[PDB]
file run24.txt (compact mmCIF, N, CA and C atoms)
# COMPACT_ATOMS: atom_id res chain seq x y z
N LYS A 303 23.07 15.48 26.60
CA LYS A 303 23.77 16.39 25.70
C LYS A 303 24.96 15.68 25.07
N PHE A 304 24.72 14.46 24.57
CA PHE A 304 25.78 13.60 24.07
C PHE A 304 25.65 13.23 22.60
N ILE A 305 24.46 13.32 22.01
CA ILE A 305 24.23 12.86 20.65
C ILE A 305 24.92 13.84 19.69
N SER A 306 25.75 13.31 18.81
CA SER A 306 26.49 14.14 17.86
C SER A 306 25.58 14.50 16.69
N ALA A 307 25.25 15.78 16.57
CA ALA A 307 24.52 16.29 15.41
C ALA A 307 25.51 16.64 14.29
N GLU A 308 26.25 15.62 13.88
CA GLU A 308 27.35 15.81 12.95
C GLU A 308 26.85 16.06 11.54
N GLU A 309 27.38 17.11 10.91
CA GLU A 309 27.02 17.47 9.54
C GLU A 309 27.94 16.86 8.50
N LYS A 310 29.14 16.44 8.88
CA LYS A 310 30.12 15.91 7.94
C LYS A 310 31.04 14.94 8.67
N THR A 311 31.24 13.76 8.09
CA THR A 311 32.08 12.73 8.68
C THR A 311 33.33 12.42 7.87
N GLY A 312 33.34 12.75 6.58
CA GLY A 312 34.50 12.49 5.75
C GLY A 312 34.56 11.12 5.14
N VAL A 313 33.49 10.33 5.23
CA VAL A 313 33.42 9.01 4.63
C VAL A 313 32.33 9.04 3.56
N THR A 314 32.72 8.82 2.31
CA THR A 314 31.81 8.93 1.18
C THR A 314 31.35 7.56 0.71
N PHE A 315 30.50 7.56 -0.32
CA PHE A 315 29.99 6.32 -0.88
C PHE A 315 31.08 5.54 -1.62
N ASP A 316 32.08 6.23 -2.16
CA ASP A 316 33.15 5.57 -2.90
C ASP A 316 34.02 4.70 -2.02
N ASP A 317 34.09 4.97 -0.72
CA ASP A 317 34.89 4.17 0.20
C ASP A 317 34.30 2.79 0.45
N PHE A 318 32.98 2.66 0.48
CA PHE A 318 32.30 1.38 0.68
C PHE A 318 31.93 0.82 -0.68
N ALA A 319 32.46 -0.36 -1.01
CA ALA A 319 32.24 -0.98 -2.31
C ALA A 319 31.97 -2.47 -2.12
N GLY A 320 31.71 -3.15 -3.24
CA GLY A 320 31.44 -4.57 -3.24
C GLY A 320 29.98 -4.94 -3.10
N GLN A 321 29.13 -4.01 -2.65
CA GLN A 321 27.70 -4.23 -2.45
C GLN A 321 26.91 -3.13 -3.15
N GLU A 322 27.20 -2.94 -4.44
CA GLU A 322 26.64 -1.82 -5.20
C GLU A 322 25.12 -1.88 -5.31
N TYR A 323 24.53 -3.07 -5.17
CA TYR A 323 23.07 -3.17 -5.15
C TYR A 323 22.50 -2.47 -3.92
N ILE A 324 23.10 -2.73 -2.75
CA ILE A 324 22.65 -2.08 -1.52
C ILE A 324 22.94 -0.58 -1.57
N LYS A 325 24.08 -0.21 -2.17
CA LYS A 325 24.43 1.20 -2.31
C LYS A 325 23.42 1.93 -3.19
N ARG A 326 23.02 1.31 -4.30
CA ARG A 326 22.03 1.93 -5.18
C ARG A 326 20.65 1.98 -4.52
N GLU A 327 20.29 0.93 -3.77
CA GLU A 327 19.00 0.94 -3.08
C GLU A 327 18.94 2.02 -2.01
N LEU A 328 20.02 2.22 -1.26
CA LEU A 328 20.06 3.32 -0.30
C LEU A 328 20.13 4.67 -0.99
N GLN A 329 20.77 4.74 -2.16
CA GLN A 329 20.75 5.97 -2.95
C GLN A 329 19.34 6.35 -3.37
N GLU A 330 18.53 5.36 -3.74
CA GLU A 330 17.14 5.63 -4.10
C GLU A 330 16.38 6.24 -2.92
N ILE A 331 16.56 5.68 -1.72
CA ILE A 331 15.86 6.19 -0.54
C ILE A 331 16.35 7.59 -0.19
N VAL A 332 17.66 7.81 -0.25
CA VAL A 332 18.23 9.12 0.08
C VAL A 332 17.74 10.18 -0.92
N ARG A 333 17.74 9.83 -2.21
CA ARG A 333 17.25 10.74 -3.24
C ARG A 333 15.76 10.99 -3.12
N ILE A 334 14.98 9.99 -2.71
CA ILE A 334 13.56 10.19 -2.46
C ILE A 334 13.36 11.19 -1.33
N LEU A 335 14.10 11.01 -0.23
CA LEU A 335 13.95 11.90 0.91
C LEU A 335 14.38 13.33 0.57
N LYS A 336 15.47 13.48 -0.18
CA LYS A 336 15.91 14.82 -0.57
C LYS A 336 14.95 15.45 -1.58
N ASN A 337 14.45 14.65 -2.52
CA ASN A 337 13.59 15.14 -3.59
C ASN A 337 12.12 14.75 -3.38
N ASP A 338 11.62 14.85 -2.15
CA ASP A 338 10.28 14.39 -1.77
C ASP A 338 9.16 14.96 -2.63
N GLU A 339 9.29 16.21 -3.09
CA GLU A 339 8.23 16.83 -3.88
C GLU A 339 8.09 16.15 -5.24
N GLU A 340 9.20 16.00 -5.97
CA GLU A 340 9.15 15.48 -7.34
C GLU A 340 8.67 14.04 -7.39
N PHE A 341 9.12 13.21 -6.44
CA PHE A 341 8.73 11.80 -6.45
C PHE A 341 7.41 11.57 -5.74
N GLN A 342 7.06 12.45 -4.79
CA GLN A 342 5.75 12.41 -4.14
C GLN A 342 4.65 12.86 -5.08
N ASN A 343 4.99 13.62 -6.13
CA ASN A 343 4.02 13.99 -7.15
C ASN A 343 3.39 12.76 -7.79
N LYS A 344 4.16 11.68 -7.94
CA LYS A 344 3.66 10.42 -8.47
C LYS A 344 3.20 9.47 -7.38
N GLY A 345 3.24 9.89 -6.11
CA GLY A 345 2.75 9.09 -5.01
C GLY A 345 3.79 8.25 -4.30
N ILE A 346 5.08 8.43 -4.62
CA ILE A 346 6.12 7.63 -3.99
C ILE A 346 6.42 8.16 -2.60
N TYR A 347 6.42 7.26 -1.61
CA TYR A 347 6.72 7.61 -0.23
C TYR A 347 7.90 6.78 0.25
N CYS A 348 8.81 7.41 0.99
CA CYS A 348 9.96 6.70 1.53
C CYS A 348 9.56 5.92 2.79
N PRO A 349 10.23 4.81 3.06
CA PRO A 349 10.03 4.11 4.33
C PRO A 349 10.64 4.90 5.48
N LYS A 350 10.01 4.78 6.65
CA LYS A 350 10.45 5.50 7.83
C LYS A 350 11.69 4.87 8.46
N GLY A 351 11.81 3.55 8.39
CA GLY A 351 12.95 2.87 8.97
C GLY A 351 13.56 1.82 8.07
N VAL A 352 14.88 1.88 7.89
CA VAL A 352 15.62 0.90 7.11
C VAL A 352 16.57 0.18 8.06
N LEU A 353 16.47 -1.15 8.10
CA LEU A 353 17.28 -1.95 9.01
C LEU A 353 18.31 -2.75 8.22
N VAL B 673 -7.75 -7.91 -5.84
CA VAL B 673 -7.90 -7.02 -7.00
C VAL B 673 -8.51 -5.69 -6.58
N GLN B 674 -9.55 -5.73 -5.74
CA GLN B 674 -10.16 -4.49 -5.26
C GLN B 674 -9.21 -3.68 -4.39
N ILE B 675 -8.41 -4.35 -3.56
CA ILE B 675 -7.44 -3.65 -2.72
C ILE B 675 -6.36 -3.00 -3.59
N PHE B 676 -5.91 -3.70 -4.64
CA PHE B 676 -4.96 -3.12 -5.58
C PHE B 676 -5.55 -1.91 -6.29
N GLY B 677 -6.82 -1.99 -6.68
CA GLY B 677 -7.46 -0.86 -7.32
C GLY B 677 -7.61 0.33 -6.39
N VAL B 678 -7.89 0.06 -5.11
CA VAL B 678 -8.03 1.13 -4.12
C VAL B 678 -6.68 1.80 -3.87
N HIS B 679 -5.63 0.99 -3.69
CA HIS B 679 -4.32 1.51 -3.33
C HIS B 679 -3.49 1.94 -4.53
N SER B 680 -3.98 1.74 -5.76
CA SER B 680 -3.28 2.16 -6.96
C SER B 680 -4.16 3.04 -7.83
N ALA B 681 -4.96 3.91 -7.21
CA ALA B 681 -5.88 4.76 -7.95
C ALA B 681 -5.20 6.02 -8.46
N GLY B 682 -4.47 6.71 -7.59
CA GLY B 682 -3.87 7.98 -7.94
C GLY B 682 -2.50 7.89 -8.59
N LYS B 683 -2.28 6.85 -9.39
CA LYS B 683 -1.03 6.69 -10.11
C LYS B 683 -1.31 6.40 -11.58
N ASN B 684 -0.36 6.77 -12.43
CA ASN B 684 -0.50 6.69 -13.88
C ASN B 684 -0.17 5.27 -14.34
N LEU B 685 -1.12 4.37 -14.17
CA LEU B 685 -0.98 3.02 -14.70
C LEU B 685 -1.17 3.03 -16.21
N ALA B 686 -0.39 2.22 -16.91
CA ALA B 686 -0.40 2.20 -18.36
C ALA B 686 -1.55 1.33 -18.86
N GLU B 687 -1.66 1.20 -20.19
CA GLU B 687 -2.75 0.44 -20.80
C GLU B 687 -2.57 -1.07 -20.66
N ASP B 688 -1.37 -1.54 -20.34
CA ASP B 688 -1.13 -2.96 -20.16
C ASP B 688 -1.24 -3.40 -18.70
N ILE B 689 -1.75 -2.54 -17.82
CA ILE B 689 -1.84 -2.87 -16.41
C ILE B 689 -3.09 -3.71 -16.16
N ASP B 690 -2.90 -4.88 -15.56
CA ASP B 690 -4.02 -5.72 -15.15
C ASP B 690 -3.55 -6.60 -14.00
N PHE B 691 -4.17 -6.43 -12.83
CA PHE B 691 -3.81 -7.20 -11.64
C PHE B 691 -4.50 -8.56 -11.59
N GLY B 692 -5.42 -8.84 -12.51
CA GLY B 692 -6.11 -10.11 -12.52
C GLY B 692 -5.22 -11.26 -12.95
N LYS B 693 -4.15 -10.95 -13.68
CA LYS B 693 -3.19 -11.94 -14.13
C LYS B 693 -2.00 -12.08 -13.18
N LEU B 694 -1.97 -11.32 -12.09
CA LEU B 694 -0.92 -11.41 -11.09
C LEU B 694 -1.48 -11.71 -9.70
N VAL B 695 -2.69 -12.27 -9.63
CA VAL B 695 -3.30 -12.61 -8.35
C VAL B 695 -2.54 -13.75 -7.68
N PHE B 696 -2.18 -14.78 -8.44
CA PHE B 696 -1.51 -15.95 -7.88
C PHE B 696 -0.12 -15.63 -7.33
N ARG B 697 0.48 -14.53 -7.76
CA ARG B 697 1.76 -14.11 -7.20
C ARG B 697 1.61 -13.41 -5.86
N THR B 698 0.39 -13.07 -5.45
CA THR B 698 0.14 -12.32 -4.23
C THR B 698 -0.71 -13.11 -3.23
N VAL B 699 -0.63 -14.44 -3.28
CA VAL B 699 -1.41 -15.25 -2.35
C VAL B 699 -0.85 -15.09 -0.94
N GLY B 700 -1.73 -14.75 0.00
CA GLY B 700 -1.34 -14.46 1.36
C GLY B 700 -1.04 -13.00 1.64
N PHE B 701 -1.05 -12.15 0.62
CA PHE B 701 -0.79 -10.73 0.81
C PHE B 701 -1.94 -10.06 1.55
N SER B 702 -1.60 -9.05 2.35
CA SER B 702 -2.58 -8.19 2.99
C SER B 702 -2.67 -6.88 2.20
N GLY B 703 -3.42 -5.92 2.73
CA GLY B 703 -3.51 -4.62 2.09
C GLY B 703 -2.20 -3.86 2.10
N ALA B 704 -1.44 -3.97 3.20
CA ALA B 704 -0.15 -3.30 3.28
C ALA B 704 0.84 -3.87 2.27
N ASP B 705 0.81 -5.18 2.05
CA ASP B 705 1.70 -5.80 1.08
C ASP B 705 1.40 -5.32 -0.34
N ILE B 706 0.12 -5.22 -0.70
CA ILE B 706 -0.25 -4.73 -2.02
C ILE B 706 0.09 -3.25 -2.17
N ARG B 707 -0.09 -2.47 -1.09
CA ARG B 707 0.28 -1.06 -1.12
C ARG B 707 1.79 -0.90 -1.33
N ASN B 708 2.59 -1.72 -0.65
CA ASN B 708 4.03 -1.70 -0.84
C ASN B 708 4.40 -2.14 -2.25
N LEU B 709 3.65 -3.10 -2.80
CA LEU B 709 3.87 -3.53 -4.18
C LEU B 709 3.63 -2.39 -5.16
N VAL B 710 2.54 -1.63 -4.96
CA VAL B 710 2.24 -0.48 -5.82
C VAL B 710 3.33 0.58 -5.69
N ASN B 711 3.76 0.85 -4.45
CA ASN B 711 4.80 1.85 -4.23
C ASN B 711 6.11 1.43 -4.89
N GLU B 712 6.49 0.16 -4.77
CA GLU B 712 7.72 -0.32 -5.40
C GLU B 712 7.60 -0.34 -6.92
N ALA B 713 6.40 -0.58 -7.45
CA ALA B 713 6.20 -0.47 -8.89
C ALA B 713 6.41 0.97 -9.36
N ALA B 714 5.92 1.94 -8.59
CA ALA B 714 6.16 3.34 -8.91
C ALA B 714 7.65 3.67 -8.86
N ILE B 715 8.34 3.16 -7.84
CA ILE B 715 9.78 3.41 -7.70
C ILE B 715 10.54 2.82 -8.88
N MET B 716 10.20 1.59 -9.27
CA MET B 716 10.94 0.92 -10.33
C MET B 716 10.62 1.53 -11.70
N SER B 717 9.38 1.98 -11.90
CA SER B 717 9.04 2.71 -13.11
C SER B 717 9.80 4.03 -13.19
N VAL B 718 9.98 4.71 -12.06
CA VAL B 718 10.83 5.90 -12.03
C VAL B 718 12.28 5.52 -12.30
N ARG B 719 12.69 4.34 -11.84
CA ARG B 719 14.09 3.92 -11.89
C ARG B 719 14.62 3.83 -13.31
N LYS B 720 13.82 3.28 -14.23
CA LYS B 720 14.19 3.19 -15.63
C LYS B 720 13.81 4.44 -16.41
N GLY B 721 13.26 5.45 -15.74
CA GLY B 721 12.79 6.65 -16.40
C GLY B 721 11.44 6.54 -17.06
N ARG B 722 10.74 5.41 -16.89
CA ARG B 722 9.44 5.23 -17.51
C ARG B 722 8.40 6.15 -16.86
N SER B 723 7.57 6.76 -17.70
CA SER B 723 6.57 7.71 -17.23
C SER B 723 5.39 7.02 -16.55
N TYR B 724 4.94 5.89 -17.08
CA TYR B 724 3.84 5.13 -16.50
C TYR B 724 4.39 3.88 -15.82
N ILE B 725 3.49 3.13 -15.19
CA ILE B 725 3.80 1.83 -14.61
C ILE B 725 3.33 0.79 -15.62
N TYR B 726 4.25 -0.05 -16.09
CA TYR B 726 3.90 -1.11 -17.03
C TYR B 726 3.56 -2.38 -16.25
N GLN B 727 3.00 -3.37 -16.95
CA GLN B 727 2.88 -4.70 -16.36
C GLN B 727 4.24 -5.31 -16.10
N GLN B 728 5.20 -5.06 -17.00
CA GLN B 728 6.57 -5.53 -16.78
C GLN B 728 7.19 -4.89 -15.55
N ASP B 729 6.76 -3.68 -15.18
CA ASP B 729 7.25 -3.05 -13.96
C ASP B 729 6.84 -3.85 -12.73
N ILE B 730 5.55 -4.22 -12.63
CA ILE B 730 5.08 -4.99 -11.49
C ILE B 730 5.66 -6.40 -11.51
N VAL B 731 5.81 -6.97 -12.71
CA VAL B 731 6.41 -8.30 -12.84
C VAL B 731 7.85 -8.29 -12.34
N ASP B 732 8.62 -7.27 -12.73
CA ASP B 732 10.01 -7.19 -12.27
C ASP B 732 10.09 -6.86 -10.79
N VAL B 733 9.13 -6.09 -10.25
CA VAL B 733 9.10 -5.83 -8.81
C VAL B 733 8.87 -7.13 -8.04
N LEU B 734 7.89 -7.93 -8.47
CA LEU B 734 7.63 -9.21 -7.82
C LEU B 734 8.81 -10.16 -7.98
N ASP B 735 9.44 -10.14 -9.16
CA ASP B 735 10.60 -11.01 -9.39
C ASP B 735 11.78 -10.60 -8.52
N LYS B 736 12.01 -9.30 -8.35
CA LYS B 736 13.06 -8.83 -7.46
C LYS B 736 12.78 -9.22 -6.02
N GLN B 737 11.52 -9.08 -5.59
CA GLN B 737 11.14 -9.49 -4.24
C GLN B 737 11.34 -10.99 -4.04
N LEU B 738 11.09 -11.79 -5.08
CA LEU B 738 11.27 -13.23 -4.97
C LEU B 738 12.75 -13.62 -4.98
N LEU B 739 13.56 -12.95 -5.81
CA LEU B 739 14.98 -13.29 -5.89
C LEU B 739 15.73 -12.81 -4.66
N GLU B 740 15.24 -11.76 -4.00
CA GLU B 740 15.87 -11.29 -2.78
C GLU B 740 15.66 -12.27 -1.62
N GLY B 741 14.70 -13.19 -1.75
CA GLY B 741 14.40 -14.10 -0.67
C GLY B 741 15.49 -15.11 -0.38
N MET B 742 16.12 -15.65 -1.42
CA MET B 742 17.11 -16.71 -1.24
C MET B 742 18.52 -16.18 -1.01
N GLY B 743 18.68 -14.86 -0.94
CA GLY B 743 20.00 -14.30 -0.68
C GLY B 743 20.80 -14.00 -1.92
N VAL B 744 20.14 -13.58 -2.99
CA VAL B 744 20.80 -13.21 -4.24
C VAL B 744 20.48 -11.74 -4.48
N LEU B 745 21.46 -10.88 -4.23
CA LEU B 745 21.35 -9.44 -4.47
C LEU B 745 22.45 -9.08 -5.47
N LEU B 746 22.14 -9.24 -6.75
CA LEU B 746 23.10 -9.04 -7.83
C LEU B 746 22.51 -8.10 -8.87
N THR B 747 23.37 -7.26 -9.45
CA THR B 747 22.96 -6.39 -10.54
C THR B 747 23.03 -7.16 -11.85
N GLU B 748 22.79 -6.47 -12.97
CA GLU B 748 22.76 -7.14 -14.26
C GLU B 748 24.15 -7.55 -14.73
N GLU B 749 25.15 -6.68 -14.53
CA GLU B 749 26.50 -6.97 -15.02
C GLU B 749 27.13 -8.14 -14.27
N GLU B 750 26.98 -8.17 -12.94
CA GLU B 750 27.51 -9.29 -12.16
C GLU B 750 26.81 -10.59 -12.52
N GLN B 751 25.49 -10.54 -12.71
CA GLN B 751 24.75 -11.73 -13.12
C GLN B 751 25.22 -12.25 -14.47
N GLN B 752 25.41 -11.35 -15.44
CA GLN B 752 25.87 -11.76 -16.76
C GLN B 752 27.29 -12.32 -16.73
N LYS B 753 28.19 -11.69 -15.97
CA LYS B 753 29.56 -12.19 -15.88
C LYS B 753 29.60 -13.55 -15.19
N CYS B 754 28.78 -13.73 -14.15
CA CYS B 754 28.72 -15.02 -13.47
C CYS B 754 28.10 -16.10 -14.35
N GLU B 755 27.12 -15.74 -15.17
CA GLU B 755 26.57 -16.69 -16.13
C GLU B 755 27.60 -17.07 -17.18
N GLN B 756 28.42 -16.11 -17.62
CA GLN B 756 29.49 -16.41 -18.56
C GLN B 756 30.64 -17.16 -17.91
N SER B 757 30.73 -17.14 -16.57
CA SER B 757 31.81 -17.82 -15.88
C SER B 757 31.70 -19.34 -16.02
N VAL B 758 30.47 -19.87 -15.97
CA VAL B 758 30.30 -21.31 -16.06
C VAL B 758 30.49 -21.77 -17.50
N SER B 759 30.69 -23.08 -17.66
CA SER B 759 30.91 -23.66 -18.97
C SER B 759 29.58 -24.02 -19.63
N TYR B 760 29.67 -24.63 -20.82
CA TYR B 760 28.50 -25.01 -21.60
C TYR B 760 28.06 -26.44 -21.36
N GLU B 761 28.99 -27.36 -21.08
CA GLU B 761 28.63 -28.75 -20.84
C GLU B 761 27.82 -28.92 -19.56
N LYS B 762 28.18 -28.19 -18.51
CA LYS B 762 27.50 -28.26 -17.23
C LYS B 762 26.25 -27.39 -17.17
N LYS B 763 25.97 -26.63 -18.23
CA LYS B 763 24.74 -25.85 -18.32
C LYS B 763 23.62 -26.59 -19.05
N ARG B 764 23.96 -27.43 -20.04
CA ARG B 764 22.94 -28.20 -20.73
C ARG B 764 22.30 -29.24 -19.81
N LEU B 765 23.04 -29.75 -18.83
CA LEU B 765 22.46 -30.67 -17.86
C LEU B 765 21.37 -29.99 -17.04
N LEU B 766 21.64 -28.77 -16.55
CA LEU B 766 20.63 -28.01 -15.83
C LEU B 766 19.46 -27.65 -16.74
N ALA B 767 19.76 -27.33 -18.00
CA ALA B 767 18.70 -27.02 -18.96
C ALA B 767 17.78 -28.22 -19.17
N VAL B 768 18.35 -29.41 -19.34
CA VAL B 768 17.54 -30.62 -19.53
C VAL B 768 16.75 -30.94 -18.26
call {"tool": "encode", "arguments": {"input": "run24.txt", "output": "structure tokens"}}
result
Amino acid sequence: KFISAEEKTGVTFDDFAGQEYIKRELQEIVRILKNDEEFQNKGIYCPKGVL
Amino acid sequence: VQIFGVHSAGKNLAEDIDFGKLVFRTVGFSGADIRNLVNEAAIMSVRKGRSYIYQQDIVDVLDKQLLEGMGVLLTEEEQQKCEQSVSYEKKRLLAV
């Protein structure tokens, strides 16, 4: 009973900078996961694990 | 080519799509690699807002995969500013 199911941390994308390519690439994955229907209509699937 | 056709059937490929001219870029690829290539082509075609997948889409996907190998993760503006950072005398030597 230790894993934090945290809904909000207070750290946004604007705080982490200098690696905008990685930020945009993670934005694509996050937007794919949130918008799975619209992008899955064209057959796009998100990866299960990002390291 | 047959694996690409199997794994890229249910997508809106454009009239300039032909995998026969990109075979040499996929030497050693398995079925999963070609499937990931098709998926990334769909992602990149969505990225520019393009409705179909162009040949330039797959070319740029392969080029991005190749440029990511040596540790260069740069956008267009940073690449252009860094190209403008160097001088002209030391660029003609590399050109020659």
call {"tool": "closest_residue", "arguments": {"input": "run24.txt", "among": "A:313, A:352, A:332, A:324", "to": "chain B", "atoms": "all atoms listed in the file"}}
result
A:324
call {"tool": "interface_residues", "arguments": {"input": "run24.txt", "of": "chain A", "to": "chain B", "cutoff": "6.5 Å", "atoms": "all atoms listed in the file", "output": "list in words"}}
result
residues 323, 344, 345, 346 and 347 of chain A
call {"tool": "residues_around", "arguments": {"input": "run24.txt", "residues": "residue 674 (chain B)", "least_positions_apart": "6", "cutoff": "12 Å", "atoms": "only C-alpha atoms", "output": "CSV table (one decimal) with N, CA and C atoms, in the frame of the given file"}}
result
chain,number,residue,atom,x,y,z
B,680,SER,N,-4.0,1.7,-5.8
B,680,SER,CA,-3.3,2.2,-7.0
B,680,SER,C,-4.2,3.0,-7.8
B,681,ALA,N,-5.0,3.9,-7.2
B,681,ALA,CA,-5.9,4.8,-8.0
B,681,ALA,C,-5.2,6.0,-8.5
B,690,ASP,N,-2.9,-4.9,-15.6
B,690,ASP,CA,-4.0,-5.7,-15.2
B,690,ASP,C,-3.6,-6.6,-14.0
B,691,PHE,N,-4.2,-6.4,-12.8
B,691,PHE,CA,-3.8,-7.2,-11.6
B,691,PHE,C,-4.5,-8.6,-11.6
B,692,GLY,N,-5.4,-8.8,-12.5
B,692,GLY,CA,-6.1,-10.1,-12.5
B,692,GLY,C,-5.2,-11.3,-13.0
B,695,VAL,N,-2.7,-12.3,-9.6
B,695,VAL,CA,-3.3,-12.6,-8.4
B,695,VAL,C,-2.5,-13.8,-7.7
B,702,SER,N,-1.6,-9.0,2.4
B,702,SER,CA,-2.6,-8.2,3.0
B,702,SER,C,-2.7,-6.9,2.2
B,703,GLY,N,-3.4,-5.9,2.7
B,703,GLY,CA,-3.5,-4.6,2.1
B,703,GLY,C,-2.2,-3.9,2.1
B,706,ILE,N,0.1,-5.2,-0.7
B,706,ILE,CA,-0.2,-4.7,-2.0
B,706,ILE,C,0.1,-3.2,-2.2
B,707,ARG,N,-0.1,-2.5,-1.1
B,707,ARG,CA,0.3,-1.1,-1.1
B,707,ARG,C,1.8,-0.9,-1.3
call {"tool": "select_by_dssp", "arguments": {"input": "run24.txt", "residues": "chain B", "states": "alpha helix (DSSP H)", "output": "PyMOL selection string"}}
result
chain B and resi 674-679+703-719+727-739+748-757+761-767
call {"tool": "atom_distance", "arguments": {"input": "run24.txt", "atom1": "atom C of residue 739 (chain B)", "atom2": "CA of residue 685 (chain B)"}}
result
25.1 Å
call {"tool": "closest_residue", "arguments": {"input": "run24.txt", "among": "A:312, A:334, A:303, A:320", "to": "residue 349 (chain A)", "atoms": "only C-alpha atoms"}}
result
A:334
call {"tool": "atom_distance", "arguments": {"input": "run24.txt", "atom1": "atom N of residue 741 (chain B)", "atom2": "atom C of residue 341 (chain A)"}}
result
26.1 Å
call {"tool": "decode", "arguments": {"input": "run24.txt", "residues": "region 318-332 of chain A", "atoms": "N, CA, C and O atoms", "output": "short mmCIF file (atom, residue, chain, number, x, y, z; two decimals), in the first residue's frame"}}
result
data_model
loop_
_atom_site.label_atom_id
_atom_site.label_comp_id
_atom_site.auth_asym_id
_atom_site.auth_seq_id
_atom_site.Cartn_x
_atom_site.Cartn_y
_atom_site.Cartn_z
N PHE A 318 11.15 21.68 -17.75
CA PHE A 318 12.23 20.91 -18.36
C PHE A 318 12.44 21.43 -19.78
O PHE A 318 11.52 21.37 -20.61
N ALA A 319 13.63 21.93 -20.06
CA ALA A 319 13.95 22.52 -21.36
C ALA A 319 15.33 22.05 -21.81
O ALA A 319 16.02 21.31 -21.11
N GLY A 320 15.72 22.50 -23.00
CA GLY A 320 17.00 22.15 -23.58
C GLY A 320 17.01 20.90 -24.43
O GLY A 320 17.96 20.70 -25.20
N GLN A 321 15.99 20.06 -24.31
CA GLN A 321 15.86 18.81 -25.06
C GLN A 321 14.50 18.74 -25.74
O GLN A 321 13.74 17.78 -25.58
N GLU A 322 14.17 19.80 -26.49
CA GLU A 322 12.83 19.95 -27.05
C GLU A 322 12.48 18.84 -28.04
O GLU A 322 11.30 18.58 -28.28
N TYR A 323 13.48 18.19 -28.64
CA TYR A 323 13.21 17.04 -29.49
C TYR A 323 12.61 15.89 -28.69
O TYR A 323 11.60 15.29 -29.09
N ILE A 324 13.20 15.59 -27.53
CA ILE A 324 12.68 14.53 -26.67
C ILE A 324 11.32 14.93 -26.11
O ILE A 324 10.42 14.10 -25.96
N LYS A 325 11.16 16.22 -25.79
CA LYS A 325 9.88 16.71 -25.28
C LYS A 325 8.78 16.55 -26.32
O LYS A 325 7.67 16.11 -26.01
N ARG A 326 9.07 16.89 -27.58
CA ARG A 326 8.09 16.74 -28.64
C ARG A 326 7.79 15.27 -28.93
O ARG A 326 6.64 14.90 -29.18
N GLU A 327 8.83 14.42 -28.88
CA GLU A 327 8.61 12.99 -29.11
C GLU A 327 7.74 12.37 -28.02
O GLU A 327 6.87 11.55 -28.32
N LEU A 328 7.96 12.75 -26.76
CA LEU A 328 7.09 12.28 -25.68
C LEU A 328 5.70 12.90 -25.77
O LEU A 328 4.72 12.25 -25.38
N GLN A 329 5.60 14.14 -26.27
CA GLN A 329 4.29 14.74 -26.52
C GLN A 329 3.50 13.95 -27.55
O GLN A 329 2.28 13.80 -27.41
N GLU A 330 4.17 13.46 -28.60
CA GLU A 330 3.49 12.64 -29.59
C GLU A 330 2.92 11.37 -28.97
O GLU A 330 1.77 11.01 -29.22
N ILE A 331 3.70 10.70 -28.12
CA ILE A 331 3.24 9.47 -27.48
C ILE A 331 2.09 9.75 -26.52
O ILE A 331 1.09 9.02 -26.49
N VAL A 332 2.20 10.83 -25.74
CA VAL A 332 1.16 11.18 -24.78
C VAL A 332 -0.14 11.54 -25.51
O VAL A 332 -1.23 11.10 -25.12
#
